[PDB]
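A single chain, nothing else alongside it, follows as structure tokens in the form deposited in one PDB entry.
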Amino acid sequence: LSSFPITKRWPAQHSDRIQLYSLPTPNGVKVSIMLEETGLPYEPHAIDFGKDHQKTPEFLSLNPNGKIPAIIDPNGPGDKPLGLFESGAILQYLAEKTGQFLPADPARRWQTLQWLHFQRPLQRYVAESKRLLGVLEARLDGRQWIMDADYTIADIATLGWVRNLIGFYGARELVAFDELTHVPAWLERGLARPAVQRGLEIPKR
């Protein structure tokens, strides 16, 4: 892992573990939830955007885009380390590494991938949030998870976003969350999972 310059600024205490460079944002918690769900050993590192640490040469050496989350799996394909960014790519990578959180059926596996990139100022944010919730509501009518009986990377990609959408005071009311039926029940099912509970707080801000 010494050949990865990010490790000069965020050293690996456990170089045999997946290194996670992230923040507990809706995009970041996708990957911490996935790591908790799979049970993979990992080492989280909070990336301080308040100090522009995402713009440091060490962070950019892993993700030139300057976004979280990013990982380095020291046990990557061909037993070489693999640095990877883009939360959708990471979720797929971890699903394949573990053989967990994708449906068995090939057609439904492809459909699962659709959900990895699903999600006046406030008025626009509220209108878009409502439109997205409406799509999810339509999908979850008569389904336990986005992919029916199977809990997948689709739920892992979306639970944190919905949780955060209604996080602040007045937010539920603004988006008429409690007038929905299927999203609230699914959110409850997801937040009851201990891996989800853990992932939502990782890394410590």
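Only the largest set of C-alpha atoms that superpose within 1.5 Å between the two forms is called the rigid core. From 1 onward, residues are counted along the sequence shown.
Another form exists, deposited with a small molecule bound; not displayed. Remarks below refer to it.
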| property | result |
| --- | --- |
| Option touching the small molecule, based on a heavy atom within 4.5 Å in the bound PDB entry, out of 172, 139, 67, 163 | 67 |
| Candidate from 27, 144, 56, 38 lying within 4.5 Å of the small molecule in the bound PDB entry - any heavy atom | 27 |
| Non-hydrogen atom contact residue 49 with the small molecule in the bound PDB entry at 4.5 angstroms | yes |
| In the bound PDB entry, residue 112 touching the small molecule (heavy atom, 4.5 Å) | no |
| Residue 129, heavy atom within 4.5 angstroms of the small molecule in the bound PDB entry | no |
| Which of 175-183, 59-67, 145-153, 38-46 lines the interface with the small molecule in the bound PDB entry (heavy atom within 4.5 Å) | 59-67 |
| Core fit, then residue 85 C-alpha moves 2 Å or more between the shown form and the other one | no |
| C-alpha of residue 168 moved at least 2 Å between the shown form and the other one on rigid core | yes |
